[PDB]
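A look at the structure
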Amino acid sequence: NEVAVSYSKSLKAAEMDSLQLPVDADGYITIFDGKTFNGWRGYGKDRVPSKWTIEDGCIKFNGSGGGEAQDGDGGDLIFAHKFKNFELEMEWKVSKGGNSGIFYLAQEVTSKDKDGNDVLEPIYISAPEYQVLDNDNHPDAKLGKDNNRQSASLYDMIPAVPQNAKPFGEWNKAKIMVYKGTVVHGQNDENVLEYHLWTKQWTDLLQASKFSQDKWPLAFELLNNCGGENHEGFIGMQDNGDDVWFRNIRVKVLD
Amino acid sequence: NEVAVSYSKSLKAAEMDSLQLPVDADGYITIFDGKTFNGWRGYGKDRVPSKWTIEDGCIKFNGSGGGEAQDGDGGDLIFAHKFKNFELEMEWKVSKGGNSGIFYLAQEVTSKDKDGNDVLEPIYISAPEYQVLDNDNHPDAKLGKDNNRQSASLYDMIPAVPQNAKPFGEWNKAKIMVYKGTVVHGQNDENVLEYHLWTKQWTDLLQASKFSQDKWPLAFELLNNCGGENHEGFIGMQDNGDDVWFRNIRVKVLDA
Ligand SMILES: OC[C@H]1O[C@H](O)[C@H](O)[C@@H](O)[C@@H]1O
Ligand SMILES: O=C1C(O)=CO[C@H](CO)[C@H]1O
Ligand SMILES: O=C1C(O)=CO[C@H](CO)[C@H]1O
Ligand SMILES: [Ca+2]
Ligand SMILES: [Ca+2]
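Thresholds applied
Residues numbered from 1 in each chain as written, not as in the entry; some residues may be left out. Chains lettered and ligands numbered in written order. Heavy atoms only, no water. Residues with missing side-chain atoms left out of burial classes, pairs and counts. Helix = DSSP H or I, 4+ residues; strand = E, 2+ residues; numbered from the N terminus. Rg over C-alpha atoms; globule rule 2.2 N^0.38 Å. Contact = heavy atoms within 4.5 Å. Donors = N, O, S within 2.8 Å, 3.2 Å for Na, K, Ca; no water. Buried < 20%, exposed > 50% of the residue type's maximum accessible area, 1.4 Å probe, protein only. Pairing = 2+ DSSP bridges. Axes fitted to C-alpha atoms, helices over the stretch in contact; angles between N-to-C directions. Near = heavy atom within 4 Å. Polar contact = N/O pair within 3.5 Å; in protein donor to acceptor, adjacent residues only side chain to side chain. Areas by Shrake-Rupley, 256 points an atom, 1.4 Å probe, with all protein chains shown as cover. Buried area = accessible area lost by both parts, 1.4 Å probe. Salt bridge = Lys/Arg side-chain N within 4 Å of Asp/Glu carboxyl O. Core = buried A, V, L, I, M, F, W, Y, C linked by side-chain atoms within 4.5 Å. Nonpolar A, V, L, I, M, F, W, Y, C, P; charged D, E, K, R; others polar.

For this deposition, the record names X-ray crystallography as the technique by which the model was determined and cites 1.93 Å as its resolution.

**Section: the overall build of chain B**
Counting secondary structure elements, chain B contains two helices and 17 strands. For 256 residues, the compact-globule estimate of 2.2 N^0.38 gives 18 Å, and the C-alpha radius of gyration of chain B, at 17 Å, lies within 12% of that figure. Dimensions of chain B, computed from C-alpha atoms along their principal axes, come out at roughly 45 × 45 × 40 Å. Considering only contacts in chain B between residues 6 or more positions apart, those separated by 24 or more positions represent 65%.

**Some thoughts on the coordination of the calcium ion (ligand 5)**
When a metal carries six donors in an octahedron, the ideal angles between them are 90 or 180 degrees, while four donors in a tetrahedron ideally lie at 109.5 degrees. Residues and elements named next belong to chain B. The protein atoms that coordinate the calcium ion (ligand 5) are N99 (OD1), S100 (O), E129 (OE), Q131 (OE1) and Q238 (OE1), at distances spanning 2.4 to 2.5 Å. Within one chain, the residues donating to the calcium ion (ligand 5) are spaced in sequence as N-S-x28-E-x1-Q-x106-Q. Of this pair, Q131 sits in strand β12 (residues 129–133) while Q238 is found in the loop between β16 (233–237) and β17 (244–253), placing the two residues 107 residues apart along the sequence. Comparing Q131 with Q238, the two get one shared label, buried.

**Looking at the sheet that holds strand β9 (residues 99–106) of chain B**
Residues and elements named next belong to chain B. Reading across from one edge, β4-β7-β16-β9-β12 is the order of the five strands in this open sheet, with antiparallel pairing throughout. With one partner strand each, in any of the chains shown, β4 (40–42) and β12 form the two edges of the open sheet. Pairs of neighbouring strands in the sheet enclose a mean axial angle of 25°, with direction left out of account. As paired strands, strand β7 (residues 77–83) and β16 are joined by four bridges and run antiparallel to one another. Residue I78 lies in a different strand from β16, and its bridge partner there is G236.

**Remarks on the site of ligand 1**
Residue and element names in this part refer to chain A. Lining the immediate surroundings of ligand 1 are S50, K51, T53 and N62. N62 has a polar side-chain atom sitting 3.3 Å from an oxygen atom of ligand 1. In isolation ligand 1 has 310 Å² of accessible area, and contact with the protein removes 38% of it.

**Focus on the sheet that holds strand β16 (residues 233–237) of chain A**
Residues and elements named next belong to chain A. The strand order β4-β7-β16-β9-β12 describes an open sheet built from five strands, whose pairing is antiparallel. The open sheet is flanked by β4 (40–42) and β12 (129–133), the only strands paired with a single partner. On average, each strand axis in the sheet is inclined to that of its neighbour by 25°, with strand direction left out of account. Bridging between β4 and strand β7 (residues 77–83) involves three bridges; their strand directions are antiparallel. Its bridge partner lying in β7, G42 is registered against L77.

**A closer look at the interface of chain B and chain A**
Tallying the contact residues gives twelve residues for chain B and 20 residues for chain A. Both sides together, the interface formed by chain B and chain A hides about 1200 Å², and carbon and sulfur atoms give 53% of it. On the chain B side of the interface with chain A, the three residues burying the most area are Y179, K180 and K200 of chain B, jointly 44% of the side's total. Counting across the interface, chain B meets chain A through three salt bridges. The closest approach of N and O atoms between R149 of chain A and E194 of chain B, which form a salt bridge, is 3.1 Å. For the pair chain B and chain A, the number of links is seven residue pairs in polar contact. Secondary-structure elements contributing two or more residues to the side of chain B that touches chain A are β13 (172–179), β15 (190–196) and α1 (200–207) of chain B.

**Some words on helix α2 (residues 217–224) of chain B**
Burial in α2 of chain B covers these residues: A219, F220, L222 and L223 of chain B. On its buried face, α2 of chain B is in contact with α1 of chain B.

**Observations concerning the side chain of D156 of chain B**
Residue and element names in this part refer to chain B. Along the chain, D156 turns up in the loop between β12 and β13. From its side chain, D156 meets the backbone nitrogen of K210 in a polar contact 3.2 Å long. Not counting the four nearest positions on each side in its chain, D156 is found in contact with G144, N148, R149, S209 and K210.

**Here we look at the nonpolar core**
Ranked by size, the top nonpolar core spans 65 residues in total, and within it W40, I59, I102, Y104, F246 and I249 of chain B carry the most contacts. Ignoring any residue separated from it by four or fewer positions in sequence, one finds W40 of chain B in contact with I31, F32, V48, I59, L77, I78, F79, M237 and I249 of chain B. Residues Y104, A152, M157 and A160 of chain A belong to the second largest nonpolar core, which totals 64 residues.

**Comments concerning the site of ligand 2**
By nearness alone, every residue bordering ligand 2 is listed as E68, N99, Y124, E129, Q131, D140, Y155, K210, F211 and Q238 of chain A together with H196 of chain B. The environment of ligand 2 is shared, with nearby residues belonging to chains A and B. For ligand 2, an oxygen atom lies 2.9 Å from a polar atom in the side chain of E68 of chain A. With respect to ligand 2, the side chain of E129 of chain A contributes an N or O atom lying 2.5 Å from an oxygen atom. By residue class, the composition of the shell around ligand 2 is three nonpolar, four polar and four charged.

**Some points on the pairing of strand β8 (residues 86–94) of chain A**
Residue and element names in this part refer to chain A. Pairing of β8 with strand β13 (residues 172–179) involves seven bridges; the strand directions are antiparallel. Within the sheet, the bridge partner assigned to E87 lies in β13 and is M177. Bridge analysis of β8 against strand β17 (residues 244–253) gives eight bridges, and the strand direction is antiparallel. Within the sheet, the bridge partner assigned to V94 lies in β17 and is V244.

Next comes the structure, spelled out in structure tokens:
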């Protein structure tokens, strides 16, 4: 009925605590219980930012409209257990003109500034992103190439095809599967793209993107070796300043 | 057919008057009617400087050639309605060797001198600038870093790529989109750069620029929190002493 799932409590800490979480007959672990943030914390934080709330059985981000600013008590949210080979399913709903995302294989990364201080780097420069977007009203829908910034795309790299998103304010289903380097995104019960990590094709995707070695050398370095040395990392969701809702979040460990 | 657009009349005043302006089927409001300066005024002023005129359906700046001096009855021009999330489209045409600019998210800013008098501060220490330039003949085109002072650049910060300007005296199309901190510049129907306000990437871009916290503390403070507390401000155009023409000026409000 239940499986022990380890989790970390703060930046780059070991997963030295465990949660007893439900697991169904097909292996899917329910990692959001609809009532608490147990095992969840802000990216780089030891607490859940207060702009993330629980309402009607959902994780809700309460956005103020500043895009990547992450102002107020905000920041991206992670379920603090590193996964390697897994299949994530969840429902998501985005507000009109809204933008969020589902990250996977994320690392908590810091750099050093010129004086030796730590600088926490964005989750999205280590973590591939399954885009979450109002495809009809958010201007990013029209940016990038071939609609590779629309919902369920691998952000700025591979478009969702078919682009079968339901309209804003409606519930969509996401699937993200990572299995021995093979990645599939699903949207509303259809596979909408597939790729292979750590290949020549993967490098080419990066080199064509905002994360290219020439445009963002640190991002290229992290994403080109996605998941770090052990090829694992966190699932999470994006504070891009807009109201968004997530529910029925479940993960099956595949090996 | 038309929408009410509020505008302010003098320095830092509330927008307590409104104009009925045409809106098209896609939501773009025509803010320059080809005939009057309704809703427009000099930055810091309650009037249009007389070096700004209307000529053949265009807003024209009549330059005397003094560069940054703003001599005579000049000074930058603003459309006095603060926009937050918006997409601006206009056409611009620059005289040979000319320099101007399209400002956005501008604030009217004053500081105090040592005796407590007001000093009107330049529009560009609060307002990002879409550079307007004759890239073939203005020496600014060779200055800065990686052509980040050529037309449609975020002046002294992000170069326009591709640099697809038309030659001097030809019409160019400008786009400036600000949507929840995402900013895009367009030139001649291509997107030529993208950046994100209020991020550490934005801070880093300022700290490498002429508006760095070391070189210009007030500019840094204003630009680092671009648009002030409500993240909004004026669209406007630059008196850099050179003849320039603007036309077909339309803004679409992108959010509620
Ligand atoms: O602490 C503030 C947060 O929690 C409150 O309950 C509000 O529902 C939410 O809008 C806000 O982001
Ligand atoms: O949606 C996005 C966008 O609009 C801004 O950049 C973010 C990270 O690449 C992405 O999540
Ligand atoms: O074009 C410009 C230049 O030549 C001088 O500085 C101005 C303000 O930054 C800019 O608009
Ligand atoms: Ca996103
Ligand atoms: Ca200029």
